[PDB]
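Chemist: Here is my input, please return the structure:
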Amino acid sequence: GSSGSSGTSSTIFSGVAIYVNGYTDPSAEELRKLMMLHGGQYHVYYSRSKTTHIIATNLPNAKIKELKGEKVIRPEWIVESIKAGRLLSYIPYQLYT
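Modeler: Residues are numbered from 1 along each chain as shown. Take a look at the structure below.
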């Protein structure tokens with residue numbers, strides 16, 4: 001099973017699982033598809049094995065304690081990368097690093 005012309009053949013997000021937590025822009029639903037369409041993976045629940053990164057805009061002092069070590073990138077790192085059509089950097093997109 002396969003389609004003729006998918007649209008934008010780009011594997012800039014190959015094997016890249018993301019997990020939106022809390023309020024984010026765009027919304028989680030948006031990033032949910034943008035991923036699959038860009039060869040990405042979406043997880044409803046937070047996984048330490050499946051999910052590779054943690055998408056989020058802001059986290060409470062408490063949460064920052066439960067995510068001491070992981071890489072929380074802003075929801076803008078993907079949006080921008082898509083709009084440009086190429087994978088961008090994440091360093092500057094790291095909230096608490």
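
Chemist: where along the chain do the helices fall?
Modeler: 28-37, 63-66, 76-84 (DSSP state H).

Chemist: Show me what the last one is packed against.
Modeler: Counting by 3 or more Cβ pairs under 8 Å, 6 or more residues apart in numbering; DSSP states H and E, the packing neighbours recorded for helix 76-84 are helix 28-37. C-beta: built from backbone N, CA, C; applies to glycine.

Chemist: between the helix it packs on and helix 76-84, how many degrees?
Modeler: Per axes from the mean of the first three to the mean of the last three Cα atoms, to 10 degrees, the angle that helix 28-37 makes with helix 76-84 is 50 degrees.

Chemist: From residue 73, how far off is the residue nearest the centre of the chain?
Modeler: The residue at the geometric middle of the chain, judged as the C-alpha nearest the mean C-alpha position with Cα atoms, centre = their mean, is residue 18 (3.8 Å). Distance, residue 18 to residue 73, using Cβ to Cβ, to the nearest Å: 8 Å.

Chemist: repeat for residue 4
Modeler: 34 Å.

Chemist: quick one: which of those two has more around it?
Modeler: When residue 4 and residue 73 are compared on other Cβ atoms under 10 Å, the one with more neighbours turns out to be residue 73, at 20 against 4.

Chemist: Who is the closest residue in space to the residue nearest to the centre of the chain that isn't next to it in sequence paired with across the strands?
Modeler: Leaving aside its chain neighbours, residue 18 sits nearest to residue 55 (4.8 Å; criterion: Cβ to Cβ, 6 or more residues apart in numbering). Bridge pairing for residue 55 (DSSP bridges) gives the partners residue 20.

Chemist: That'll do, ta.
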